[PDB]
*Asks:* 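Before we start, here is the structure in question, set down as structure tokens.
Each chain gets a letter, A, B and so on, in the order the sequences are listed, and its residues count up from 1.
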2 protein chains.
Amino acid sequence: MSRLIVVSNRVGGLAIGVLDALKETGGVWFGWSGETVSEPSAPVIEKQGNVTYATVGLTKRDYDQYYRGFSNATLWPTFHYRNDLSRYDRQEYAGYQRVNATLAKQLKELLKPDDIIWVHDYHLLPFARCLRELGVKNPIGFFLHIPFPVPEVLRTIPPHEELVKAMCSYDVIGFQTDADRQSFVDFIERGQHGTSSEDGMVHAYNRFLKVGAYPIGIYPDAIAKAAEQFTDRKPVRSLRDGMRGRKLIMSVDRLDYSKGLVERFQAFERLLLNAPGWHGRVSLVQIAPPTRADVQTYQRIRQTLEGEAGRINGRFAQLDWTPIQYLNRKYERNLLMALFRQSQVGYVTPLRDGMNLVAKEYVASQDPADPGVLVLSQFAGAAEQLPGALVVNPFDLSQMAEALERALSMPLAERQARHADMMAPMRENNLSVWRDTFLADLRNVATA
Amino acid sequence: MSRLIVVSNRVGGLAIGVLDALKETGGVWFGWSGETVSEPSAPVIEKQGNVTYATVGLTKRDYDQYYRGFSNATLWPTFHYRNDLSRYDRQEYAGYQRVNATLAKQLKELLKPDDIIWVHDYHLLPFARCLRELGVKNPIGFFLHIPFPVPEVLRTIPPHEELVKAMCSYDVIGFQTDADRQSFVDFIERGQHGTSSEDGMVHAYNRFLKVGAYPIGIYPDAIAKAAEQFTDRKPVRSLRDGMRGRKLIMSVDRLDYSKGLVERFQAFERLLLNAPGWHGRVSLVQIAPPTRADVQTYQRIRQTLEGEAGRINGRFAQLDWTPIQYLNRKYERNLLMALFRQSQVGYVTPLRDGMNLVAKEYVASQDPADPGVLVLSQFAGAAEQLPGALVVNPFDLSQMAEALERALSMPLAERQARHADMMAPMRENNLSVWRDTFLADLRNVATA
Ligand code: NA
Ligand code: NA
Ligand code: NA
Ligand code: NA
């Protein structure tokens with residue numbers, strides 16, 4: 001059978017999504033190694049079982065222009081509906097194109113005629129067009145892990161037209177949600193670049209391609225088992241002993257403006273103002289791992305958040321109670337699931353998220369004999385897939401505060417029914433379904 | 001014939017748009033007087049010729065919640081695609097609804113059964129629903145002067161669903177551009193609230209209504225005449241004498257984040273870096289009248305802009321040349337047209353504008369024997385109506401700098417052809433056409 005060739009930027013997260021298919025097909029995982037090198041070298045080949053890893057370094061200039069620059073300082077903020085934070089630079093965009101072309105040229109040397117190629121995320125929008133320019137005829141699929149912004153927002157990116165054209169060199173394009181798919185198709189149709197056809201097909205820029213929504217899932221019963229197996233670890237026992245007599249609201253996210261952590265803190269403050277009986281009886285733990293602390297944008301968001309924790313704690317703290325426990329550190333994944341299992345409320349209200357997996361993991365971590373309650377943003381991508389979550393508009397601090405209060409006081413029978421209602425579709429649309437449904441479409445391209 | 005009843009917030013700009021129709025129909029202009037009062041009073045009636053003015057004051061609380069609060073701190077930033085600057089407060093939204101209801105109750109006392117009612121802009125979205133609740137059956141039309149944001153952005157406003165429902169109590173809804181109309185209809189259709197019908201008709205919330213684009217125009221030949229008649233005024237002679245031997249780039253806008261004045265300054269800086277031969281041979285005049293300086297949002301934008309002028313001047317100034325002349329003051333309208341006529345480049349590149357009239361006024365002010373060149377944002381609403389403008393993406397500083405350079409060096413014959421190409425549609429779709437086309441649709445509602 002065809003080797004699966006996976007292409008991504010740093011070569012678990014994506015790993016748990018693709019590695020089984022790589023192993024089944026004896027495939028190749030190709031991309032940047034994450035290291036900067038003085039001079040480029042040929043890809044380093046490392047076989048691990050049935051899987052071949054092929055990675056390359058990038059010069060500092062390539063890294064600054066392609067990764068720090070166009071990918072993370074232009075595409076990332078705009079695709080998260082914050083083009084006010086975006087900056088465009090022609091030289092960075094040129095390097096973004098140059099790196100895509102260089103990687104495609106090096107991947108081509110490793111390709112066999114039967115391979116199918118699956119490319120991941122916004123760093124690699126033009127990668128299929130680079131491959132077609134090299135004469136590569138293999139099936140190529142793309143999956144975008146973050147939102148795809150509607151045309152009024154997309155068009156603020158100066159080379160947006162060239163990017164969408166290049167994306168249609170892919171045979172299959174997958175997005176997280178139907179709204180992302182419709183956003184992409186809207187651009188094409190309303191710009192008179194192409195038309196919609198049957199069965200998700202699109203005719204644009206002299207090519208046909210399939211465009212679909214494939215929301216990424218989890219393995220909910222594996223998470224449940226891991227959360228239980230890691231409950232008897234020292235950090236979990238520490239959390240439990242420190243929280244005795246109090247309910248725990250747990251919030252975990254990278255320190256990004258798209259996560260709305262200031263709003264999360266402020267709605268918790270509003271809860272304490274609305275319901276003074278909760279003082280000393282609830283705490284908010286915010287875990288915010290060290291993110292892209294090199295960016296001046298992220299340093300500012302972090303300083304803002306840190307001051308809000310200080311302000312709210314100063315306002316409500318007692319000599320034996322810190323309302324917001326803010327921790328700037330990373331926990332091992334299985335341990336984190338055990339921490340979710342200890343938490344009566346999972347507080348997952350990003351302003352914009354392609355598909356927040358923390359919401360699914362929080363729910364699947366719960367003890368079904370005594371499950372906690374998920375409070376979820378309507379902009380997290382995951383709400384339609386989690387019937388039973390308390391869904392809120394994070395721009396409405398009062399609604400969020402009232403959902404925290406509802407979550408904290410919810411009776412067991414209703415908490416169990418909500419948890420069951422969310423577990424069932426997560427089991428039905430689990431991570432294997434995501435991978436297999438995308439790959440079946442990719443294997444349906446070349447069928448004559 | 002039916003009296004025209006105009007409803008707006010401060011009771012020229014709108015005046016030049018409506019006053020002729022008020023005079024022809026012996027109509028009424030109703031709304032808030034702009035003053036805050038301790039206790040509300042009945043509307044003050046003042047007849048001026050054939051027109052009746054009926055105005056009321058608002059308490060400080062009503063003004064803070066309805067005008068400063070929900071209108072200007074929630075709707076205005078979000079409709080200009082800056083929901084990151086928006087803040088939502090339930091009490092402010094309640095006052096917004098309360099003021100709309102109070103004004104509608106007072107207007108109803110002045111209505112005759114034959115009147116047609118024309119309501120203006122985002123302060124008054126629910127006004128027609130308030131009137132219907134009072135049993136008012138008259139034709140009611142609405143015109144929105146600012147953009148209507150696409151659903152992904154609109155839905156960040158927490159009560160957005162109630163607002164769109166209320167808007168469909170209007171018989172006619174007008175927007176500045178087709179994209180605004182499609183944004184509104186997209187919300188209704190994709191939320192399964194209603195359907196599109198023939199001839200711009202919409203069926204939603206158990207009502208039919210007409211929804212259209214009516215881009216607001218100017219009187220271009222009146223502007224041309226005023227600009228010429230005010231050329232021999234002292235401020236114009238001062239400008240001319242101070243600019244001798246240099247080309248003038250003129251930029252005029254309220255000091256708002258939607259105007260992109262920092263980007264305007266930075267692209268001018270990029271021009272000076274790209275083309276050092278222009279040093280001492282061109283100046284940028286930025287007129288930025290005192291705006292909503294009470295808002296802390298606007299104080300920050302102003303401080304940012306002021307520092308950018310200081311930085312760029314410090315970098316490039318010579319002992320007899322200030323690159324950016326920034327003036328925080330207002331000029332009388334006819335005098336301003338004369339200043340446009342003195343300017344070789346009109347620099348109108350807002351990040352988001354419902355319909356920038358400065359672009360149309362700048363062009364119509366020009367001497368056709370020696371006309372200046374318009375550089376225009378693709379997000380200003382006015383670009384489709386000004387064929388011949390140099391249209392730019394304001395998020396692309398290099399493109400804007402290169403358009404300034406192209407404008408500054410453009411030969412007379414091409415400058416004249418561009419000016420002619422823009423004057424012709426401005427004459428054809430002038431302000432009278434705007435008013436008459438909207439009013440004909442409003443008078444077509446009750447026709448049995
Ligand atoms: Na428990
Ligand atoms: Na969505
Ligand atoms: Na002249
Ligand atoms: Na537009």
*Asks:* Starting from the C-alpha separation in whole Å, work towards a yes-or-no answer on side chain to side chain donor-acceptor pair (under 3.5 Å) for A:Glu189 and A:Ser196.
*Replies:* CA-CA 8 Å; A:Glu189 292 184 328; A:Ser196 278; 3.0 Å; yes
*Asks:* Between A:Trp29 and A:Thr52, is there a side-chain donor-acceptor contact under 3.5 Å, judged purely by atom types and distance?
*Replies:*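 Judged by distance alone, the side chains do not pair up.
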*Asks:* Within a strict 4.5 Å, meaning less than it, do heavy atoms of the A:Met1 and A:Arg443 side chains meet?
*Replies:*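 Side-chain contact under 4.5 Å: yes.
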*Asks:* Are the ring centres of A:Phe79 and A:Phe148 closer than 6.0 Å?
*Replies:*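 Yes: the rings meet the under 6.0 Å criterion.
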*Asks:* Hey, does the side chain of A:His160 reach the backbone of A:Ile157 with a donor-acceptor pair shorter than 3.5 angstrom?
*Replies:*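 Answer holds: yes.
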*Asks:* Quick one, B:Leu390 and B:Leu404 - any side-chain contact, counting heavy atoms below 4.5 Å?
*Replies:*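 Of all side-chain heavy-atom pairs linking B:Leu404 with B:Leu390, none is under 4.5 Å.
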*Asks:* Using ring centroids (six-membered ring only for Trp), state whether A:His145 and A:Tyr122 fall under 6.0 Å.
*Replies:*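 Between A:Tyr122 and A:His145, the centre distance exceeds or equals 6.0 Å.
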*Asks:* Using atom types as modelled and distance alone, determine if a side-chain donor or acceptor of A:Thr74 lies under 3.5 Å from a backbone N or O of A:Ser71.
*Replies:*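 Such a contact is absent between A:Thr74 side chain and A:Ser71 backbone.
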*Asks:* Is A:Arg352 salt-bridged to B:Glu152, cutoff N-O under 4.0 Å?
*Replies:*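 So A:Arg352 pairs with B:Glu152 through a salt bridge.
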*Asks:* Parallel under 30°, tilted from 30 to 60°, perpendicular over 60°: which one fits the rings of A:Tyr66 and A:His123?
*Replies:*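 Plane angle between 30° and 60°, so tilted.
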*Asks:* Can you tell me how far the CG atom of A:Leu376 sits from the OH atom of A:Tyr347, to the nearest 0.5 Å?
*Replies:*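 The OH atom of A:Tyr347 is 12.0 Å from CG of A:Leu376, to the nearest 0.5 Å.
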*Asks:* Does atom CD of A:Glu133 have more than 12 heavy-atom neighbours from other groups under 6.0 Å away?
*Replies:*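 More than 12 heavy atoms, drawn from other residues, nucleotides or ligands, come within 6.0 Å of this atom.
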*Asks:* If you take the centroid of each ring, where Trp contributes its six-membered ring, are B:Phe379 and B:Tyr81 closer together than 6.0 Å?
*Replies:*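 Between B:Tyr81 and B:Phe379, the centre distance exceeds or equals 6.0 Å.
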*Asks:* Hey, can you tell me if A:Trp434 and A:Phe143 have their rings parallel, tilted or perpendicular (30° and 60° cut-offs)?
*Replies:*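 Geometry flag for A:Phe143 against A:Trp434: perpendicular rings.
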*Asks:* Quick one: does A:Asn328's side chain have a donor or acceptor within less than 3.5 Å of a partner on A:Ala288's backbone?
*Replies:*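 Side chain of A:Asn328 to backbone of A:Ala288: a pair is present.
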*Asks:* What heavy-atom pair brings A:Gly260 and A:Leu351 nearest, and what distance separates the two atoms?
*Replies:*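 For A:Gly260 and A:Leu351, the tightest heavy-atom pair comes out as CA-CG, 3.6 Å.
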*Asks:* Is a donor on one side and an acceptor on the other found under 3.5 Å between the side chain of A:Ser183 and the backbone of A:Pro149?
*Replies:*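 Present.
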*Asks:* Does a side-chain heavy-atom distance below 4.5 Å link A:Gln385 with A:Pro425?
*Replies:*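 They are not in contact (no side-chain heavy atoms under 4.5 Å apart), so the answer is no.
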*Asks:* Any salt bridge between A:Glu161 and A:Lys165, counting N to O under 4.0 Å?
*Replies:*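 No salt bridge links A:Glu161 with A:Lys165.
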*Asks:* Would you check if A:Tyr63 and A:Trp32 make a side-chain contact, meaning some heavy-atom pair closer than 4.5 Å?
*Replies:*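 Of all side-chain heavy-atom pairs linking A:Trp32 with A:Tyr63, at least one is under 4.5 Å.
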*Asks:* Kindly confirm or rule out a cation-pi arrangement of A:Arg233 over A:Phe230, judged by NZ or CZ under 6.0 Å from the six-membered ring centre and within 45° of its axis?
*Replies:*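 Yes; both conditions hold, so A:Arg233 lies above the ring face of A:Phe230.
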*Asks:* What's the shortest heavy-atom distance between A:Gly69 and A:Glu92, and which atoms?
*Replies:*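 Taking every non-hydrogen atom into account, CA-OE1, 3.3 Å.
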*Asks:* Donor-acceptor pair, distance only, cut-off 3.5 Å: does the side chain of A:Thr231 make one with the backbone of A:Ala227?
*Replies:*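 Yes: the side chain of A:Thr231 pairs with the backbone of A:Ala227.
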*Asks:* On the 0 to 90° scale, with breaks at 30° and 60°, tag the A:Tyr362-A:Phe340 ring pair as parallel, tilted or perpendicular.
*Replies:*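 Ring orientation, 0 to 90° scale: perpendicular.
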*Asks:* For A:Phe142 and A:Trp118, I'd like to know if the aromatic rings sit close, meaning centre-to-centre distance below 6.0 Å.
*Replies:*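 Not under 6.0 Å, so no.
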*Asks:* Return the minimal non-hydrogen interatomic distance between A:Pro350 and A:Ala380, and the atom names on each side.
*Replies:*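 That closest heavy-atom pairing would be CG-CB, 3.7 Å.
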*Asks:* Could you tell me the separation between the CD1 atom of A:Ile16 and the CZ atom of A:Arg333, rounded to the nearest 0.5 Å?
*Replies:*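 A:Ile16 CD1 to A:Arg333 CZ: 9.0 Å, rounded to 0.5 Å.
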*Asks:* Assess whether a salt bridge exists between A:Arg132 and A:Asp171, defined as any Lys/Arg side-chain N lying under 4.0 Å from an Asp/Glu carboxylate O.
*Replies:*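 Salt bridge present between A:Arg132 and A:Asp171.
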*Asks:* Do A:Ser258 and A:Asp256 meet the criterion of a side-chain donor-acceptor pair at a distance under 3.5 Å?
*Replies:*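 A:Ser258 vs A:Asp256: donor-acceptor pair found between side chains.
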*Asks:* Tell me yes or no: between the side chains of A:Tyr205 and A:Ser169, is some donor less than 3.5 Å from an acceptor?
*Replies:*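 Their side chains do not contain a donor-acceptor pair, so the 3.5 Å distance test is not met.
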*Asks:* Do the ring planes of A:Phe70 and A:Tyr93 sit parallel (below 30°), tilted (30 to 60°) or perpendicular (above 60°)?
*Replies:*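 It falls in the tilted class, 30° to 60°.
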*Asks:* Looking only at side chains, do A:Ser365 and A:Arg341 share a donor and an acceptor under 3.5 Å apart?
*Replies:*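 No pair is found: no donor N or O on one side chain lies under 3.5 Å from an acceptor on the other.
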*Asks:* Under a 4.0 Å threshold between the charged nitrogen and the carboxylate oxygen, would A:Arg427 count as salt-bridged to A:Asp221?
*Replies:*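 Looking at A:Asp221 and A:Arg427, the cut-off is met.
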*Asks:* Does a donor on one side chain sit under 3.5 Å from an acceptor on the other, for A:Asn356 and A:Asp353?
*Replies:*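 There is such a pair between these side chains.
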*Asks:* Is any side-chain heavy atom of A:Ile117 less than 4.5 Å from a side-chain heavy atom of A:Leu131?
*Replies:*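 Touching, per the 4.5 Å side-chain cut-off.
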*Asks:* Does the A:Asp115 side chain pair with the main chain of A:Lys112, one donor and one acceptor, at a distance under 3.5 Å?
*Replies:*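 Answer holds: yes.
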*Asks:* Under 6.0 Å from the ring centre and within 45 degrees of the ring axis: does the NZ or CZ of A:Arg98 meet both conditions for the six-membered ring of A:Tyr96?
*Replies:*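 Here A:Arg98 fails the 6.0 Å and 45° test against A:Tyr96.
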*Asks:* Can you tell me if B:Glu308 uses its side chain to pair, donor with acceptor, with the backbone of B:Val262 under 3.5 Å?
*Replies:*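 Such a contact is absent between B:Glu308 side chain and B:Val262 backbone.
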*Asks:* Salt bridge or not for A:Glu35 and A:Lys60, using N-O below 4.0 Å?
*Replies:*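 No, this pair does not count.
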*Asks:* Is a donor on one side and an acceptor on the other found under 3.5 Å between the side chain of A:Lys210 and the backbone of A:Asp199?
*Replies:*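 Such a contact is found between A:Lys210 side chain and A:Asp199 backbone.
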*Asks:* Under 4.5 Å between any side-chain heavy atoms of B:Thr349 and B:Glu263, yes or no?
*Replies:*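 They are not in side-chain contact.
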*Asks:* Please check if the side chain of A:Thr55 supplies one atom and the backbone of A:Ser33 the other of a donor-acceptor pair under 3.5 Å.
*Replies:*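 Answer holds: no.
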*Asks:* Has A:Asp180 got a side-chain atom pairing as donor or acceptor with A:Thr177's backbone, closer than 3.5 angstrom?
*Replies:*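 Indeed, once roles are kept as given, a pair shorter than 3.5 Å links the two residues.
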